[PDB]
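The next block holds one structure in the form of structure tokens; read it before the comments.
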Amino acid sequence: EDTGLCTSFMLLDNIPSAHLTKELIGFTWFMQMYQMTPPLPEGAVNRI
Amino acid sequence: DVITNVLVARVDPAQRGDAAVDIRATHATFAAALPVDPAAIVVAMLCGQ
Amino acid sequence: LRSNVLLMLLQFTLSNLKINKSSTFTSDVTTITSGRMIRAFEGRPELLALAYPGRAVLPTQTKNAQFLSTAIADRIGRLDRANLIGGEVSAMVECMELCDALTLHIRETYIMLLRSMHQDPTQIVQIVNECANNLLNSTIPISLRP
Amino acid sequence: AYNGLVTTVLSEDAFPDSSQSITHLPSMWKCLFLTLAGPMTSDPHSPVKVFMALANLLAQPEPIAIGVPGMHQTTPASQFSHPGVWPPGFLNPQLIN
Amino acid sequence: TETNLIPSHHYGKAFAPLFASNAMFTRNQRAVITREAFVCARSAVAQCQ
Amino acid sequence: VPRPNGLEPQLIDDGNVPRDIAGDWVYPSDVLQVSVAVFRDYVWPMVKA
Amino acid sequence: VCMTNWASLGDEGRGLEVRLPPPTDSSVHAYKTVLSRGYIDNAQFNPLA
Amino acid sequence: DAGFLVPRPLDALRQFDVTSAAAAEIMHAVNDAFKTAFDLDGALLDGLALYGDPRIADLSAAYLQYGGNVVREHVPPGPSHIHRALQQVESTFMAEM
């Protein structure tokens, strides 16, 4: 029996976004800054 | 007229959405089966002044 | 390549031969979906966020938020808990959650495999009696078994 | 007084098993004490469990067919706890030769 | 054979522990998994063929 | 929504369109509880002015 | 201010009373009875329960 | 929202869809009010709480006979007094909250 949800295709964050605090602030918005894990991956490339 | 089941309707089955029959219908007997020894009864039947 | 690909698809299928066990459903007391019977996990609490994209908070206009804003609110949690006995566990819930269509199809034909070899106790009390040639006392209770 | 809440059904261990014959003497005293304490109990299927447990013991000397489907005279008294399983020979003794 | 022996009662006591468990049905479960492998191993070869 | 220039950040509408914060707004209680830090950082300083 | 049995002069009383604070204090601890144990803090109430 | 017909003074208050499990924790603490106030040892009203669907309309016990003759004993509660005072308090709340 499977208690967890039945999928085999995870939504893997392949390339992370550019973490930056010096220049171009506000282009990216993570859910980690609000103490929350995102449902969907967060980065440049997210291969299924 | 012999009783197969004894139920307790929290709501009438005409008005029972998400129909939930009583847990008493899971047992074979309509009530709680209490095993009794018949040899212990017939001694009590055949004595007892 | 055709032999290697066909072999991992049987690695894919036999790994998915499981039963979708129902779990506990808690009412969403918070305001995110407000009463939809979501599935708390309590063995992996991180899995609740990835299960339900409808419960995502959308603070900014993220590119994910460009997508998750279009999520319909009543597409989450269970829909019809097909329950039979009050006080006893329901036999078959019907929920929407994150799930691929392929692994679900492997699992639904696996229950159909397990239903293909299941007989109710009216039949299996004959099979035990006929394998014992009608002797060796066997007693089935005539009542519901969900 | 509390029927419908608890039934004082006969014990499983005191039915004579449905392979022993009636010629075996400790099996029929096990059936004799079963029949005498029959009406004492509050089981409504107890008239049929009384009738069937004797009918288990005399299967080959008294081979009657029983009108309940899929079920035979070697089927014990432990089974008969439902009204549709009562034998029509017990329901009508004129069906018994 | 013992004189006061019923063959139906003797075979009831004889055959008793090998019908108590569902281990008789274990070889009945082996027949599916042998089949499900045999159809796939036929099909794994014949599709590569 | 943030707009990547000297344009001001503007807020989404019930008709699902970004609208400017400067002006009168209506929140329901459900949206305020899920956009608290978004309230406090963007529209609430535009209330203190 | 709602304070039950504030002028009671009986022998004893029931252990189930309602003593709301005056509105200068937080009256939130009486609206957390049914669906609020656990997750909520000791300062806020759920508007949905 | 539906089910048993009650007067609804408090209907303007916000409340989510109370399912069977959330109604059990309503039933946990209404019972805990009456056990605290009147000091009953034992359990007066928690079979509605501990199992089943607590969203009741009218309790009734019935026994099913074999010939299809189900007979049901509806038992409505009598003239309720504490609820008659509670319906005053609910309606007084909506103007004196």
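Every chain in the structure tokens has a letter given in the order shown (A, B, ...), and although residue numbers restart at 1 in each chain, ligands are simply numbered from 1 in the order shown.
Shell of range 25-37 of chain C at 7 Å, with only C-alpha atoms counted and residues fewer than 5 places along the chain excluded, is residues 55, 73, 76, 77 and 78 of chain C; 30 of chain F; 16 and 17 of chain H.
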Using N, CA and C atoms, can you write the selected residues to a file as a CSV table (one decimal), in the first residue's frame?
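Just written: again_15.csv:
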chain,number,residue,atom,x,y,z
C,55,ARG,N,-3.3,25.2,-2.7
C,55,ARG,CA,-3.1,25.8,-1.4
C,55,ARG,C,-1.9,26.7,-1.4
C,73,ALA,N,-10.6,26.5,-7.4
C,73,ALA,CA,-10.5,26.3,-5.9
C,73,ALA,C,-11.1,24.9,-5.5
C,76,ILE,N,-9.6,20.2,-5.3
C,76,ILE,CA,-8.6,19.9,-4.3
C,76,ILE,C,-9.3,19.0,-3.2
C,77,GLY,N,-8.6,18.1,-2.6
C,77,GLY,CA,-9.2,17.3,-1.6
C,77,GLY,C,-10.1,16.2,-2.1
C,78,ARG,N,-10.8,15.6,-1.3
C,78,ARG,CA,-11.7,14.6,-1.7
C,78,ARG,C,-13.0,15.2,-2.3
F,30,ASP,N,-10.5,37.0,3.7
F,30,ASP,CA,-9.8,35.8,3.3
F,30,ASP,C,-8.5,36.2,2.6
H,16,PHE,N,-17.1,27.8,8.1
H,16,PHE,CA,-16.8,27.0,7.0
H,16,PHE,C,-17.7,25.8,7.0
H,17,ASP,N,-17.5,25.0,5.9
H,17,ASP,CA,-18.3,23.8,5.7
H,17,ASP,C,-17.9,22.7,6.8
Exercise answer, chain B residues close to chain H, 6 Å and only C-alpha atoms, as a list in words: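 Applying the cut-off to the listed atoms yields residues 1, 2, 3, 4, 5, 6, 7, 8, 9, 10 and 11 of chain B.
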Got time to write the residues from that selection, N, CA and C atoms, as a short mmCIF file (atom, residue, chain, number, x, y, z; two decimals), in the first residue's frame?
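File written: again-v3.cif
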data_model
loop_
_atom_site.label_atom_id
_atom_site.label_comp_id
_atom_site.auth_asym_id
_atom_site.auth_seq_id
_atom_site.Cartn_x
_atom_site.Cartn_y
_atom_site.Cartn_z
N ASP B 1 -40.75 -12.93 10.90
CA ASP B 1 -40.68 -11.85 11.87
C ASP B 1 -39.47 -11.98 12.78
N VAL B 2 -38.62 -12.98 12.56
CA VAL B 2 -37.41 -13.13 13.35
C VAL B 2 -36.39 -12.08 12.90
N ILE B 3 -35.71 -11.50 13.88
CA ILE B 3 -34.99 -10.24 13.70
C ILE B 3 -33.59 -10.53 13.19
N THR B 4 -33.26 -9.96 12.03
CA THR B 4 -31.93 -10.13 11.46
C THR B 4 -30.95 -9.10 12.00
N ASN B 5 -31.36 -7.84 12.07
CA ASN B 5 -30.48 -6.77 12.50
C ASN B 5 -31.25 -5.81 13.40
N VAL B 6 -30.52 -5.14 14.28
CA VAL B 6 -31.04 -4.03 15.08
C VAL B 6 -30.15 -2.83 14.83
N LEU B 7 -30.74 -1.75 14.33
CA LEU B 7 -30.01 -0.57 13.92
C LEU B 7 -30.42 0.62 14.76
N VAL B 8 -29.58 1.65 14.76
CA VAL B 8 -29.88 2.93 15.37
C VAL B 8 -29.68 3.99 14.30
N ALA B 9 -30.77 4.59 13.84
CA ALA B 9 -30.70 5.60 12.79
C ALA B 9 -30.47 6.96 13.44
N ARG B 10 -29.28 7.53 13.22
CA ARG B 10 -29.02 8.90 13.61
C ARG B 10 -29.85 9.87 12.77
N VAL B 11 -30.15 9.48 11.54
CA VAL B 11 -30.97 10.24 10.62
C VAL B 11 -31.72 9.22 9.77
#
With only C-alpha atoms counted and 12 Å as the cut-off, give the residues of chain G in contact with chain C, each with its shortest interatomic distance in Å and the pair that gives it, as a Markdown table.
| residue | atom | partner | partner_atom | distance |
| --- | --- | --- | --- | --- |
| G:34 | CA | C:29 | CA | 11.4 |
| G:35 | CA | C:29 | CA | 7.8 |
| G:36 | CA | C:29 | CA | 8.9 |
| G:37 | CA | C:29 | CA | 11.5 |
| G:38 | CA | C:29 | CA | 11.8 |
| G:39 | CA | C:30 | CA | 9.9 |
| G:40 | CA | C:30 | CA | 10.1 |
| G:45 | CA | C:30 | CA | 11.1 |
| G:46 | CA | C:30 | CA | 7.8 |
| G:47 | CA | C:31 | CA | 8.9 |
| G:48 | CA | C:29 | CA | 7.2 |
| G:49 | CA | C:29 | CA | 7.6 |
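Each of D:96, D:8, D:57, D:48 was compared to residue 30 in chain D using only C-alpha atoms, and D:57 turns out to be the nearest.
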Per residue of chain C within 9 Å of chain F, record the nearest atom pair and its distance in Å to one decimal, counting only C-alpha atoms, with rows in chain order and ascending residue number, as JSON lines.
{"residue": "C:31", "atom": "CA", "partner": "F:30", "partner_atom": "CA", "distance": 5.7}
{"residue": "C:32", "atom": "CA", "partner": "F:34", "partner_atom": "CA", "distance": 7.1}
{"residue": "C:34", "atom": "CA", "partner": "F:30", "partner_atom": "CA", "distance": 8.9}
{"residue": "C:57", "atom": "CA", "partner": "F:34", "partner_atom": "CA", "distance": 6.5}
{"residue": "C:58", "atom": "CA", "partner": "F:35", "partner_atom": "CA", "distance": 7.9}
{"residue": "C:59", "atom": "CA", "partner": "F:38", "partner_atom": "CA", "distance": 6.1}
{"residue": "C:60", "atom": "CA", "partner": "F:1", "partner_atom": "CA", "distance": 5.7}
{"residue": "C:61", "atom": "CA", "partner": "F:1", "partner_atom": "CA", "distance": 4.7}
{"residue": "C:62", "atom": "CA", "partner": "F:1", "partner_atom": "CA", "distance": 8.0}
{"residue": "C:69", "atom": "CA", "partner": "F:16", "partner_atom": "CA", "distance": 8.8}
Keeping only N, CA, C and O atoms, take the residues you just selected and write them out as a PDB file, in the first residue's frame.
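This is the output file again_10.pdb:
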ATOM      1  N   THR C  31      -7.846  29.695   5.962  1.00  0.00           N
ATOM      2  CA  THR C  31      -8.591  30.439   4.961  1.00  0.00           C
ATOM      3  C   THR C  31      -8.098  30.203   3.548  1.00  0.00           C
ATOM      4  O   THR C  31      -8.577  30.865   2.621  1.00  0.00           O
ATOM      5  N   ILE C  32      -7.168  29.270   3.355  1.00  0.00           N
ATOM      6  CA  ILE C  32      -6.550  29.110   2.046  1.00  0.00           C
ATOM      7  C   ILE C  32      -7.511  28.424   1.084  1.00  0.00           C
ATOM      8  O   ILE C  32      -7.697  28.869  -0.054  1.00  0.00           O
ATOM      9  N   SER C  34     -10.491  26.876   2.886  1.00  0.00           N
ATOM     10  CA  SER C  34     -11.641  27.088   3.776  1.00  0.00           C
ATOM     11  C   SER C  34     -12.620  25.910   3.735  1.00  0.00           C
ATOM     12  O   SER C  34     -13.758  26.015   3.278  1.00  0.00           O
ATOM     13  N   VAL C  57       0.326  29.960  -1.502  1.00  0.00           N
ATOM     14  CA  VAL C  57       0.232  31.397  -1.295  1.00  0.00           C
ATOM     15  C   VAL C  57       0.941  32.084  -2.453  1.00  0.00           C
ATOM     16  O   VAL C  57       2.031  31.668  -2.857  1.00  0.00           O
ATOM     17  N   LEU C  58       0.307  33.117  -3.016  1.00  0.00           N
ATOM     18  CA  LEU C  58       0.820  33.851  -4.170  1.00  0.00           C
ATOM     19  C   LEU C  58       1.088  35.293  -3.756  1.00  0.00           C
ATOM     20  O   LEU C  58       0.243  36.176  -3.968  1.00  0.00           O
ATOM     21  N   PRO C  59       2.248  35.569  -3.151  1.00  0.00           N
ATOM     22  CA  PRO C  59       2.538  36.927  -2.683  1.00  0.00           C
ATOM     23  C   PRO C  59       2.765  37.923  -3.804  1.00  0.00           C
ATOM     24  O   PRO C  59       2.128  38.979  -3.851  1.00  0.00           O
ATOM     25  N   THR C  60       3.673  37.591  -4.711  1.00  0.00           N
ATOM     26  CA  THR C  60       4.045  38.454  -5.816  1.00  0.00           C
ATOM     27  C   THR C  60       3.612  37.819  -7.124  1.00  0.00           C
ATOM     28  O   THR C  60       3.187  36.665  -7.168  1.00  0.00           O
ATOM     29  N   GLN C  61       3.726  38.587  -8.205  1.00  0.00           N
ATOM     30  CA  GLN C  61       3.411  38.061  -9.529  1.00  0.00           C
ATOM     31  C   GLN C  61       4.641  37.328 -10.041  1.00  0.00           C
ATOM     32  O   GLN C  61       5.418  37.810 -10.869  1.00  0.00           O
ATOM     33  N   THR C  62       4.823  36.139  -9.500  1.00  0.00           N
ATOM     34  CA  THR C  62       5.871  35.233  -9.901  1.00  0.00           C
ATOM     35  C   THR C  62       5.442  34.572 -11.207  1.00  0.00           C
ATOM     36  O   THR C  62       4.269  34.617 -11.588  1.00  0.00           O
ATOM     37  N   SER C  69      -2.342  31.117 -10.219  1.00  0.00           N
ATOM     38  CA  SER C  69      -3.532  31.940 -10.062  1.00  0.00           C
ATOM     39  C   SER C  69      -4.725  31.344 -10.789  1.00  0.00           C
ATOM     40  O   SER C  69      -5.871  31.580 -10.396  1.00  0.00           O
TER      41      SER C  69
END
Within 9 Å of chain B: residues of chain C, using only C-alpha atoms, as a ChimeraX atom specification: /C:80-88,141-146
Go ahead and write the selection's residues with N, CA, C and O atoms as a short mmCIF file (atom, residue, chain, number, x, y, z; two decimals), in the first residue's frame.
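Written file, result.cif:
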data_model
loop_
_atom_site.label_atom_id
_atom_site.label_comp_id
_atom_site.auth_asym_id
_atom_site.auth_seq_id
_atom_site.Cartn_x
_atom_site.Cartn_y
_atom_site.Cartn_z
N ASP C 80 -16.02 12.62 -3.20
CA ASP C 80 -17.07 11.70 -2.76
C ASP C 80 -16.43 10.58 -1.96
O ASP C 80 -15.88 9.63 -2.52
N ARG C 81 -16.52 10.68 -0.64
CA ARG C 81 -16.11 9.59 0.24
C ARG C 81 -17.22 8.55 0.24
O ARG C 81 -18.26 8.73 0.89
N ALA C 82 -17.01 7.46 -0.49
CA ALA C 82 -18.01 6.39 -0.58
C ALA C 82 -17.94 5.54 0.69
O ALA C 82 -17.32 4.48 0.73
N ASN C 83 -18.58 6.04 1.74
CA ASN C 83 -18.61 5.35 3.02
C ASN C 83 -19.87 4.50 3.16
O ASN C 83 -20.90 4.78 2.56
N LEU C 84 -19.75 3.44 3.95
CA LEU C 84 -20.82 2.47 4.12
C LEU C 84 -21.30 2.36 5.55
O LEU C 84 -22.50 2.35 5.81
N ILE C 85 -20.38 2.25 6.51
CA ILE C 85 -20.72 2.02 7.90
C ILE C 85 -20.20 3.19 8.72
O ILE C 85 -19.01 3.52 8.66
N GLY C 86 -21.09 3.82 9.48
CA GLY C 86 -20.66 4.85 10.41
C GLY C 86 -19.86 4.24 11.54
O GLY C 86 -20.28 3.25 12.15
N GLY C 87 -18.70 4.81 11.82
CA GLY C 87 -17.80 4.27 12.80
C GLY C 87 -16.74 3.34 12.24
O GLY C 87 -15.71 3.14 12.89
N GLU C 88 -16.97 2.78 11.07
CA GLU C 88 -15.99 1.97 10.38
C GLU C 88 -15.38 2.80 9.25
O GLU C 88 -15.98 3.76 8.78
N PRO C 141 -19.89 -16.08 8.91
CA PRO C 141 -21.00 -15.27 9.42
C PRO C 141 -21.68 -14.51 8.29
O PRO C 141 -21.02 -13.91 7.44
N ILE C 142 -23.01 -14.54 8.29
CA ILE C 142 -23.78 -13.93 7.21
C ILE C 142 -24.10 -12.51 7.66
O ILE C 142 -25.10 -12.24 8.33
N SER C 143 -23.20 -11.59 7.30
CA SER C 143 -23.32 -10.19 7.64
C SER C 143 -22.42 -9.42 6.69
O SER C 143 -21.67 -10.01 5.90
N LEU C 144 -22.49 -8.10 6.76
CA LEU C 144 -21.75 -7.26 5.84
C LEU C 144 -20.28 -7.18 6.22
O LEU C 144 -19.92 -7.16 7.40
N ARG C 145 -19.42 -7.15 5.19
CA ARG C 145 -17.98 -6.99 5.36
C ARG C 145 -17.50 -6.00 4.32
O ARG C 145 -17.34 -6.35 3.14
N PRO C 146 -17.28 -4.74 4.70
CA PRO C 146 -17.07 -3.68 3.71
C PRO C 146 -15.76 -3.76 2.94
O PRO C 146 -15.74 -3.71 1.71
#
Residue 16 in chain G surroundings by only C-alpha atoms, 9 Å radius, close-in-sequence under 6 positions cut, as a PyMOL selection string: chain H and resi 33+36-37
All residues 8 Å or closer to residue 15 in chain D, only C-alpha atoms, same chain fewer than 3 positions away omitted, as a PyMOL selection string: chain D and resi 11-12+30-31+34+53+77-78
Applying 9 Å and only C-alpha atoms, which residues near residue 29 in chain G remain after dropping the ones on its own chain fewer than 5 positions away? List them as a short mmCIF file (atom, residue, chain, number, x, y, z; two decimals) with C-alpha atoms, in the first residue's frame.
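selection11.cif, written as the output of this step:
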data_model
loop_
_atom_site.label_atom_id
_atom_site.label_comp_id
_atom_site.auth_asym_id
_atom_site.auth_seq_id
_atom_site.Cartn_x
_atom_site.Cartn_y
_atom_site.Cartn_z
CA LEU G 20 -15.08 38.26 29.36
CA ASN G 42 -2.74 32.90 22.36
CA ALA G 43 -3.57 36.28 20.79
CA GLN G 44 -5.70 35.65 17.68
CA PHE G 45 -8.97 33.87 16.91
#
Residues of chain E within 9 Å of chain D, counting only C-alpha atoms, what are they? List them as a PDB file with C-alpha atoms, in the first residue's frame.
ATOM      1  CA  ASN E   4     -15.492 -47.977  16.258  1.00  0.00           C
ATOM      2  CA  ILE E   6     -16.008 -43.332  11.526  1.00  0.00           C
ATOM      3  CA  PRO E   7     -14.080 -42.458   8.336  1.00  0.00           C
ATOM      4  CA  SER E   8     -15.642 -39.006   8.129  1.00  0.00           C
ATOM      5  CA  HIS E   9     -14.783 -38.164  11.730  1.00  0.00           C
ATOM      6  CA  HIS E  10     -11.260 -39.549  11.379  1.00  0.00           C
ATOM      7  CA  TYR E  11     -10.533 -37.479   8.273  1.00  0.00           C
ATOM      8  CA  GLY E  12     -11.890 -34.391  10.007  1.00  0.00           C
ATOM      9  CA  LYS E  13      -9.314 -34.733  12.770  1.00  0.00           C
TER      10      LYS E  13
END
Chain C contacts on chain A, only C-alpha atoms, 8 Å, as a list in words: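 Those within range of chain C come out as residues 1, 2, 3, 4, 5, 6, 7, 8, 9, 28, 29, 37, 38, 39 and 40 of chain A.
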Atomic distance CA of residue 43 in chain D - CA of residue 135 in chain C, expressed in Å with one decimal: 26.0 Å
